[PDB]
Amino acid sequence: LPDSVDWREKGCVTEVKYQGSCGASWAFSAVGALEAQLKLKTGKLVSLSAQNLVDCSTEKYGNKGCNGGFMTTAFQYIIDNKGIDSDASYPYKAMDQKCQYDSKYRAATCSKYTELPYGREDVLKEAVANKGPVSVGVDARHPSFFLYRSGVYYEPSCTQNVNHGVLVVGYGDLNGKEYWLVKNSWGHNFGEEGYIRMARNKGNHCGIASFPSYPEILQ
Ligand SMILES: O=C(CC1CCN(CC2CCCCC2)CC1)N1CCc2c(c(-c3ccc(C(F)(F)F)c(SCCN4CCC(F)CC4)c3)nn2CCCO)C1
(Lines give C-alpha, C1' and ligand atoms only; values in the text may rest on other atoms or scores of the structure.)
Protein backbone atom coordinates (compact mmCIF):
# COMPACT_ATOMS: atom_id res chain seq x y z
CA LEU A 1 0.00 0.00 0.00
CA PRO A 2 2.76 2.66 -0.41
CA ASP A 3 1.61 5.17 -2.99
CA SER A 4 4.96 5.02 -4.83
CA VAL A 5 7.60 2.31 -5.15
CA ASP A 6 10.87 2.37 -7.09
CA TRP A 7 12.97 -0.75 -6.76
CA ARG A 8 15.96 1.05 -8.29
CA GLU A 9 16.21 2.96 -4.99
CA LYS A 10 16.66 -0.34 -3.10
CA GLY A 11 19.61 -1.34 -5.29
CA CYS A 12 17.61 -4.17 -6.88
CA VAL A 13 17.81 -3.15 -10.58
CA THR A 14 20.83 -3.63 -12.85
CA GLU A 15 21.84 -1.27 -15.68
CA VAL A 16 19.46 -0.87 -18.62
CA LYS A 17 20.34 -3.32 -21.40
CA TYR A 18 20.17 -2.95 -25.20
CA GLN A 19 18.48 -5.80 -27.09
CA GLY A 20 19.27 -4.49 -30.57
CA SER A 21 17.96 -6.40 -33.57
CA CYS A 22 17.25 -9.55 -31.54
CA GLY A 23 13.72 -9.94 -30.21
CA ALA A 24 14.87 -11.11 -26.78
CA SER A 25 12.84 -8.72 -24.61
CA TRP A 26 11.31 -11.82 -22.95
CA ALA A 27 14.79 -12.80 -21.78
CA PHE A 28 15.58 -9.33 -20.46
CA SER A 29 12.26 -9.19 -18.63
CA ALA A 30 13.03 -12.58 -17.04
CA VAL A 31 16.61 -11.92 -15.84
CA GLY A 32 15.65 -8.43 -14.63
CA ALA A 33 12.94 -9.91 -12.40
CA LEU A 34 15.30 -12.64 -11.12
CA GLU A 35 18.16 -10.17 -10.55
CA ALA A 36 15.99 -8.36 -7.98
CA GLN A 37 15.18 -11.57 -6.10
CA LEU A 38 18.90 -12.37 -6.20
CA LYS A 39 19.77 -9.03 -4.62
CA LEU A 40 17.18 -9.42 -1.86
CA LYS A 41 18.51 -12.85 -0.88
CA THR A 42 22.28 -12.38 -1.21
CA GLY A 43 22.84 -8.62 -1.08
CA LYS A 44 24.66 -8.77 -4.41
CA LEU A 45 23.48 -6.94 -7.54
CA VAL A 46 24.67 -8.92 -10.56
CA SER A 47 23.27 -8.81 -14.09
CA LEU A 48 22.10 -12.22 -15.23
CA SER A 49 22.70 -13.66 -18.70
CA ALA A 50 19.86 -12.98 -21.14
CA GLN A 51 21.95 -14.74 -23.80
CA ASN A 52 21.87 -17.91 -21.66
CA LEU A 53 18.07 -17.83 -22.01
CA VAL A 54 18.11 -17.05 -25.74
CA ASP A 55 20.52 -19.91 -26.46
CA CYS A 56 19.27 -22.49 -23.96
CA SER A 57 15.63 -21.79 -23.05
CA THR A 58 14.57 -22.92 -26.51
CA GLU A 59 12.26 -25.49 -28.05
CA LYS A 60 11.37 -27.51 -24.94
CA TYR A 61 10.19 -24.21 -23.45
CA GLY A 62 8.18 -22.97 -26.43
CA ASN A 63 10.71 -20.21 -27.07
CA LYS A 64 12.37 -19.09 -30.29
CA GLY A 65 15.46 -17.16 -29.20
CA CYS A 66 15.64 -13.89 -31.13
CA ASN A 67 12.15 -14.56 -32.56
CA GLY A 68 10.39 -14.47 -29.17
CA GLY A 69 9.78 -16.28 -25.93
CA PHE A 70 7.90 -16.49 -22.65
CA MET A 71 9.24 -15.21 -19.33
CA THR A 72 7.44 -18.01 -17.45
CA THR A 73 9.15 -20.78 -19.44
CA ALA A 74 12.42 -18.87 -19.17
CA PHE A 75 11.91 -19.08 -15.40
CA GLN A 76 11.09 -22.76 -15.77
CA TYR A 77 14.33 -23.34 -17.72
CA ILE A 78 16.31 -21.81 -14.85
CA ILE A 79 14.52 -24.13 -12.40
CA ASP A 80 15.10 -27.17 -14.64
CA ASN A 81 18.72 -26.17 -15.36
CA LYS A 82 19.46 -25.54 -11.68
CA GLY A 83 21.08 -22.27 -12.68
CA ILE A 84 21.61 -19.30 -14.95
CA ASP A 85 25.00 -17.80 -15.79
CA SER A 86 26.08 -14.28 -14.96
CA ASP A 87 25.77 -11.79 -17.80
CA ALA A 88 29.48 -10.98 -17.38
CA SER A 89 30.45 -14.60 -18.08
CA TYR A 90 27.83 -15.16 -20.82
CA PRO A 91 27.32 -11.74 -22.38
CA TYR A 92 24.64 -10.61 -24.78
CA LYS A 93 25.37 -10.92 -28.52
CA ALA A 94 21.87 -10.19 -29.92
CA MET A 95 21.79 -13.35 -32.04
CA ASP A 96 20.84 -17.01 -31.81
CA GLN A 97 23.82 -19.10 -30.65
CA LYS A 98 24.45 -22.61 -29.39
CA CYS A 99 23.69 -23.12 -25.72
CA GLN A 100 26.89 -22.44 -23.80
CA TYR A 101 25.67 -22.77 -20.21
CA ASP A 102 28.48 -23.53 -17.75
CA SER A 103 27.58 -24.28 -14.13
CA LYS A 104 31.06 -23.07 -13.10
CA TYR A 105 29.79 -19.51 -13.69
CA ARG A 106 26.31 -19.98 -12.19
CA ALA A 107 25.25 -16.69 -10.67
CA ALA A 108 21.66 -17.39 -9.65
CA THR A 109 19.08 -20.09 -9.22
CA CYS A 110 15.28 -20.15 -9.39
CA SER A 111 12.90 -21.96 -7.04
CA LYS A 112 9.46 -21.13 -8.41
CA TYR A 113 7.48 -18.53 -10.30
CA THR A 114 4.02 -17.03 -9.90
CA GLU A 115 1.61 -15.77 -12.58
CA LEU A 116 -0.87 -12.97 -11.76
CA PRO A 117 -4.53 -12.84 -12.89
CA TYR A 118 -5.30 -11.14 -16.20
CA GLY A 119 -6.03 -7.41 -16.11
CA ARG A 120 -5.79 -7.00 -12.31
CA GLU A 121 -3.86 -3.79 -11.88
CA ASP A 122 -4.67 -3.91 -8.15
CA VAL A 123 -3.04 -7.33 -7.78
CA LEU A 124 -0.08 -6.11 -9.86
CA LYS A 125 0.43 -3.10 -7.56
CA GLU A 126 0.45 -5.37 -4.53
CA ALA A 127 2.97 -7.80 -6.03
CA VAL A 128 5.35 -4.99 -7.07
CA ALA A 129 5.11 -3.62 -3.51
CA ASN A 130 5.25 -6.89 -1.55
CA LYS A 131 7.45 -9.05 -3.81
CA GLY A 132 9.53 -6.89 -6.15
CA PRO A 133 9.85 -6.21 -9.87
CA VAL A 134 7.33 -8.11 -12.02
CA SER A 135 7.86 -9.39 -15.56
CA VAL A 136 5.11 -8.17 -17.90
CA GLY A 137 4.31 -7.83 -21.56
CA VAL A 138 3.00 -4.62 -23.10
CA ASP A 139 1.58 -3.72 -26.49
CA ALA A 140 4.53 -1.75 -27.87
CA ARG A 141 3.42 -1.70 -31.55
CA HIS A 142 2.88 2.04 -31.75
CA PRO A 143 5.20 4.76 -33.13
CA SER A 144 4.48 6.76 -29.97
CA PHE A 145 6.12 4.02 -27.89
CA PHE A 146 9.31 4.21 -29.96
CA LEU A 147 9.14 8.03 -29.85
CA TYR A 148 8.43 8.27 -26.10
CA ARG A 149 10.75 10.67 -24.34
CA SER A 150 9.26 11.58 -20.94
CA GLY A 151 6.15 11.69 -18.79
CA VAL A 152 3.31 9.25 -18.28
CA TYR A 153 2.78 7.32 -21.52
CA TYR A 154 -0.81 7.03 -22.72
CA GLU A 155 -1.66 5.68 -26.18
CA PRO A 156 -5.37 5.79 -27.12
CA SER A 157 -5.06 3.08 -29.78
CA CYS A 158 -3.12 0.75 -27.48
CA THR A 159 -4.54 -2.77 -26.98
CA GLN A 160 -4.34 -5.40 -24.22
CA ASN A 161 -2.56 -7.86 -26.58
CA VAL A 162 1.06 -7.89 -25.48
CA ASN A 163 4.03 -8.25 -27.83
CA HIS A 164 7.05 -6.82 -25.95
CA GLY A 165 8.67 -7.94 -22.69
CA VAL A 166 9.42 -5.34 -20.02
CA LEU A 167 9.94 -5.13 -16.24
CA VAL A 168 7.70 -3.28 -13.77
CA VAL A 169 10.14 -2.01 -11.12
CA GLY A 170 7.77 0.44 -9.48
CA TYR A 171 4.70 2.65 -9.65
CA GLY A 172 3.48 6.04 -8.51
CA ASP A 173 1.69 9.17 -9.63
CA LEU A 174 2.80 12.40 -11.29
CA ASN A 175 0.39 15.16 -10.20
CA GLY A 176 -2.50 12.69 -10.12
CA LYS A 177 -1.53 10.71 -13.25
CA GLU A 178 -0.98 7.20 -11.93
CA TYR A 179 1.76 5.32 -13.79
CA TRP A 180 3.75 2.11 -13.84
CA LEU A 181 7.53 2.46 -13.65
CA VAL A 182 8.86 0.23 -16.42
CA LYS A 183 12.40 -0.84 -17.28
CA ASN A 184 12.80 -1.34 -21.02
CA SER A 185 15.65 -3.03 -22.94
CA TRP A 186 16.34 -0.45 -25.64
CA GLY A 187 19.42 1.10 -24.04
CA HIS A 188 19.88 4.31 -22.13
CA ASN A 189 18.77 6.62 -24.97
CA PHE A 190 15.17 5.37 -24.95
CA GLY A 191 12.67 7.33 -22.85
CA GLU A 192 13.68 8.34 -19.33
CA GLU A 193 17.18 6.86 -19.13
CA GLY A 194 15.90 3.57 -20.52
CA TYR A 195 12.66 3.67 -18.48
CA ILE A 196 9.07 4.45 -19.42
CA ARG A 197 6.27 5.49 -17.09
CA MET A 198 3.05 3.98 -18.49
CA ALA A 199 -0.51 4.89 -17.53
CA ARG A 200 -1.84 2.91 -14.57
CA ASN A 201 -5.47 2.14 -13.64
CA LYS A 202 -6.68 2.91 -17.19
CA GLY A 203 -8.34 -0.41 -17.99
CA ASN A 204 -5.14 -2.48 -18.41
CA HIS A 205 -3.54 0.12 -20.67
CA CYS A 206 -1.27 -1.40 -23.33
CA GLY A 207 -2.02 -4.70 -21.59
CA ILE A 208 0.58 -4.07 -18.87
CA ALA A 209 -1.28 -6.36 -16.41
CA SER A 210 -2.38 -8.99 -18.93
CA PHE A 211 0.36 -11.56 -18.14
CA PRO A 212 2.48 -10.60 -15.11
CA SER A 213 4.88 -13.11 -13.62
CA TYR A 214 7.67 -13.02 -11.07
CA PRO A 215 10.27 -15.58 -9.91
CA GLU A 216 11.54 -16.40 -6.40
CA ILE A 217 14.73 -17.77 -4.87
CA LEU A 218 13.84 -19.61 -1.67
CA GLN A 219 15.95 -20.51 1.35
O1 LIG B 1 3.69 -17.30 -20.11
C2 LIG B 1 2.53 -17.64 -20.25
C3 LIG B 1 2.12 -19.04 -19.91
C4 LIG B 1 2.05 -20.00 -21.13
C5 LIG B 1 1.12 -21.17 -20.88
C6 LIG B 1 1.79 -22.49 -21.18
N7 LIG B 1 2.31 -22.52 -22.54
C8 LIG B 1 2.68 -23.89 -22.91
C9 LIG B 1 4.06 -24.03 -23.54
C10 LIG B 1 4.00 -24.93 -24.79
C11 LIG B 1 4.97 -26.12 -24.73
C12 LIG B 1 6.39 -25.69 -24.38
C13 LIG B 1 6.43 -24.77 -23.16
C14 LIG B 1 5.05 -24.61 -22.55
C15 LIG B 1 3.43 -21.56 -22.67
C16 LIG B 1 3.46 -20.52 -21.53
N17 LIG B 1 1.59 -16.80 -20.73
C18 LIG B 1 0.17 -17.25 -20.88
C19 LIG B 1 -0.61 -16.66 -22.06
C20 LIG B 1 0.19 -15.68 -22.83
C21 LIG B 1 1.35 -15.11 -22.42
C22 LIG B 1 1.74 -14.24 -23.47
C23 LIG B 1 2.92 -13.37 -23.60
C24 LIG B 1 3.62 -12.93 -22.49
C25 LIG B 1 4.73 -12.12 -22.64
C26 LIG B 1 5.17 -11.72 -23.90
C27 LIG B 1 6.38 -10.84 -23.98
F28 LIG B 1 6.63 -10.21 -22.83
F29 LIG B 1 7.49 -11.51 -24.31
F30 LIG B 1 6.26 -9.89 -24.92
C31 LIG B 1 4.46 -12.17 -25.03
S32 LIG B 1 4.96 -11.71 -26.68
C33 LIG B 1 4.77 -13.26 -27.62
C34 LIG B 1 5.69 -14.35 -27.06
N35 LIG B 1 5.68 -15.60 -27.85
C36 LIG B 1 6.40 -16.68 -27.17
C37 LIG B 1 6.27 -18.00 -27.94
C38 LIG B 1 6.75 -17.82 -29.35
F39 LIG B 1 8.14 -17.61 -29.33
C40 LIG B 1 6.10 -16.65 -30.04
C41 LIG B 1 6.26 -15.40 -29.19
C42 LIG B 1 3.35 -12.99 -24.87
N43 LIG B 1 0.86 -14.30 -24.48
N44 LIG B 1 -0.09 -15.19 -24.06
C45 LIG B 1 -1.24 -15.49 -24.93
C46 LIG B 1 -0.86 -16.36 -26.13
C47 LIG B 1 -0.26 -17.68 -25.74
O48 LIG B 1 -1.17 -18.63 -25.12
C49 LIG B 1 1.95 -15.43 -21.09
Side-chain angles (χ1 to χ4, degrees), residues 13-14 16-37 48-59 61-81 84 92 94-97 99 110-121 123-124 127-128 131-142 144-146 148 153 155 158-169 180-187 190-191 194-196 198-200 204-216:
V13 191
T14 65
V16 173
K17 305 306 195 302
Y18 182 88
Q19 76 183 75
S21 62
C22 171
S25 69
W26 61 278
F28 285 112
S29 179
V31 295
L34 189 58
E35 285 154 6
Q37 303 301 314
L48 300 172
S49 172
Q51 195 67 52
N52 194 164
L53 292 182
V54 168
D55 298 344
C56 308
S57 176
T58 48
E59 172 69 22
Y61 300 88
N63 299 329
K64 312 198 159 316
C66 288
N67 288 315
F70 297 106
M71 293 88 83
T72 62
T73 65
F75 296 148
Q76 191 56 58
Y77 159 82
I78 301 172
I79 302 167
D80 298 350
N81 193 58
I84 185 167
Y92 183 71
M95 29 192 293
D96 299 301
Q97 316 174 125
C99 179
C110 183
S111 307
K112 62 181 269 195
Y113 69 92
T114 305
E115 306 175 87
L116 300 180
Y118 186 110
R120 295 292 298 275
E121 283 185 274
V123 178
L124 182 58
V128 163
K131 267 84 170 52
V134 178
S135 299
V136 302
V138 291
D139 169 31
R141 286 169 185 172
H142 301 284
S144 62
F145 204 106
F146 287 110
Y148 170 84
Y153 183 73
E155 171 49 60
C158 216
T159 79
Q160 299 181 63
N161 302 330
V162 307
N163 48 67
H164 180 61
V166 297
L167 216 221
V168 182
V169 308
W180 298 105
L181 180 59
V182 180
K183 188 185 182 189
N184 204 356
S185 58
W186 294 350
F190 164 79
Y195 288 76
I196 179 168
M198 303 182 56
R200 175 165 67 86
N204 191 22
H205 181 252
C206 292
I208 189 142
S210 292
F211 300 114
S213 51
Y214 63 89
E216 286 172 77

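In what follows, residues are counted from 1 in the order of the sequence shown. One-based numbering, in listed order, for ligands and for the atoms of each. What you see below is based on every heavy atom in this structure, not just the backbone, and it leaves out hydrogens, waters and symmetry mates.
With ligand atoms numbered from 1 in the order given, ligand 1 contributes 27 (C), 28 (F), 30 (F) to contacts under 4.0 Å with heavy atoms of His164. Ligand-side atoms of ligand 1 in range of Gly62: 12 (C), 13 (C), 37 (C), 38 (C), 39 (F), range being under 4.0 angstrom from any heavy atom. Distances below 4.0 Å separate heavy atoms of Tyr61 from the following atoms of ligand 1: 12 (C), 13 (C). For ligand 1, the atoms lying closer than 4.0 Å to a non-hydrogen atom of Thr72 are 1 (O), 2 (C), 3 (C), 16 (C). Here is the list of ligand 1 atoms found below 4.0 Å of a heavy atom in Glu115: 2 (C), 3 (C). Remark: ligand 1 atoms within the under-4.0 Å shell around heavy atoms of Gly68 are 39 (F). Numbered from 1 in the order shown, with element, the atoms of ligand 1 that lie under 4.0 Å from a heavy atom of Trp26 read 29 (F).
Residue contacts with ligand 1 include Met71, since one or more of its heavy atoms lies under 4.0 Å from the ligand. Using a 4.0 Å cutoff on heavy atoms, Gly69 counts as a contact of ligand 1.
Summarising the local packing, OH of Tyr118 is surrounded by more than 12 heavy atoms from other residues, nucleotides or ligands at distances under 6.0 Å.
Ligand 1 has no nitrogen or oxygen under 3.5 angstrom from a nitrogen or oxygen of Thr73.
For the side chain to side chain donor-acceptor pair (under 3.5 Å) test with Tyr77, the passing option among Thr72, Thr58, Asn52 is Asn52; the others fail. The side chain to side chain contact (heavy atoms under 4.5 Å, CB included) test with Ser135 is passed by exactly one of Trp26, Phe75, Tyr214: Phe75.
Rounding to the nearest 0.5 angstrom, the gap separating the CG atom in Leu124 from the CG atom in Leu116 is 6.5 Å.
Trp186 has its ring centre less than 6.0 Å from the ring centre of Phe145. In this structure, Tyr61 has its ring center at least 6.0 angstrom away from the ring center of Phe70.
Judged by distance alone, the side chain of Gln37 and the main-chain N or O of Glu216 form no donor-acceptor pair under 3.5 Å. In this structure, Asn204 contributes its side chain and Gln160 its backbone to no donor-acceptor pair below 3.5 Å.
Nearest-residue assignment for atom 43 (N) of ligand 1 (options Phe28, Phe211, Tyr113; heavy-atom criterion): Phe211.
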